[PDB]
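Have a look below at one chain only, the form solved without the named molecule, in structure tokens format.
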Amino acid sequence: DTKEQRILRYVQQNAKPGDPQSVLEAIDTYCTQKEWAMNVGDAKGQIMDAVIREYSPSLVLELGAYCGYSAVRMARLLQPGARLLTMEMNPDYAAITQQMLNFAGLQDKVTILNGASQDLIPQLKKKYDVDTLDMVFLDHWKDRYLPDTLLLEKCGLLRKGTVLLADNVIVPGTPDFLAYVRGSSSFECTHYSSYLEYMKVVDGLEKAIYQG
């Protein structure tokens, strides 16, 4: 029906329920069969994995979601007691992301919030138990990365050592987000460009560690 829901029935037919590696492989194979320019799955996932593993976050906020690849990717790795909160505005993306997490057997570790980042971020402290975040994954919507970052700061959600990891920041792309976290003395930045075997970047990611 819709391509995001096609990723769904495909996972439903090929993956083993309760096996997130199988679900990720299924999502990857499907999107690579067609949509991703090259193999963005492998290109982003292994960076995502190293970052989660380096910092051991207990509370991760994902900002943006499309077909749930990134949420499955993180959630599979969360230590016992750790949680993922994911916000996504498009109700169908939120629904597919939820269904994908259920399939993979990770629904107990995640909360999907279907709403605008701008309404939901201010609600995070009172309505969910949040003090500060350990990690923020910024995902599908490049023009939201800066304003969401600014609003997390405003709202006192970042502490010294909070990791922001932003997907799909390839130059000339996201000029404003990059210019902000780079020129800011409150963020230490590391840029990852995944080529796979190619000469052109398949995915680029930005890690920005908030300094307090």
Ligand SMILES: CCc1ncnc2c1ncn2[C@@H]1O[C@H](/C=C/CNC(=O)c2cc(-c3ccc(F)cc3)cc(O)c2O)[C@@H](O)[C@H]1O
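We number the residues from 1 along the sequence you see. Rigid core here is just the name for the largest C-alpha set that superposes within 1.5 Å across the two forms.
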* Would you tell me which stretch averages the higher CA B-factor in the PDB entry, 14 to 22 or 185 to 193? => 14 to 22
* Asked: Comparing 26 to 34 with 52 to 60, which stretch shows the greater average C-alpha B-factor in the deposited entry?
  -> 26 to 34
* To do: Just say lowest, middle or highest third for the CA B-factor of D148 relative to the other modelled residues in its chain.
  => middle
* To do: Rank-wise, by C-alpha B-factor, drop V72 into the lowest, middle or highest third of its chain.
  => lowest
* Asked: Is the Cα B-factor recorded for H140 in the lowest, middle or highest third of its chain?
  -> lowest
* Divide the modelled residues of the chain into thirds by Cα B-factor and specify which third, lowest, middle or highest, holds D134. => lowest
* To do: Among all modelled residues of this chain, ranked by Cα B factor, put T162 in the bottom, middle or top third, i.e. lowest, middle or highest.
  => lowest
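Quick note: we don't show the form solved in complex with the named molecule, though the next part is all about it.
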* To do: Go ahead and superimpose the pocket C-alphas, place the named molecule as found in the deposited complex, and count ligand atoms within 2.4 angstroms of backbone or C-beta atoms: 3 or more is blocked, zero is open.
  => blocked
* Structure fact -> Note: the named molecule not shown here; in the deposited complex, the stretch from 75 to 83, 99 to 107, 125 to 133, 138 to 146 having heavy atoms within 4.5 Å of it is 138 to 146
* Is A95 a contact residue for the named molecule in the deposited complex, using a 4.5 Å heavy atom cut-off? -> no
* Examine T111 and determine whether its closest non-hydrogen atom to the named molecule in the deposited complex is within 4.5 angstroms. => no
* Contact between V171 and the named molecule in the deposited complex at 4.5 Å, heavy atoms? -> yes
* Asked: Does the 4.5 Å heavy atom contact test between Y66 and the named molecule in the deposited complex come out positive?
  -> yes
* Asked: Which residues in 15 to 54 have a heavy atom within 4.5 Å of the named molecule in the deposited complex?
  -> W36, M38, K44
* **Core-superposed comparison between the shown form and the other one - Cα displaced by 2 angstroms or more, from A50, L150, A37, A179** => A37
* **Threshold 2 Å Cα movement between the shown form and the other one at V201, rigid core reference** => yes
* Check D203 against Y30 at the C-alpha atoms and report closer or farther in the deposited complex, compared with the shown form; the change is 3 Å or more. => farther
* **in the deposited complex, whether the C-alpha atoms of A104 and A37 sit closer or farther than here (change of 3 Å or more)** => closer
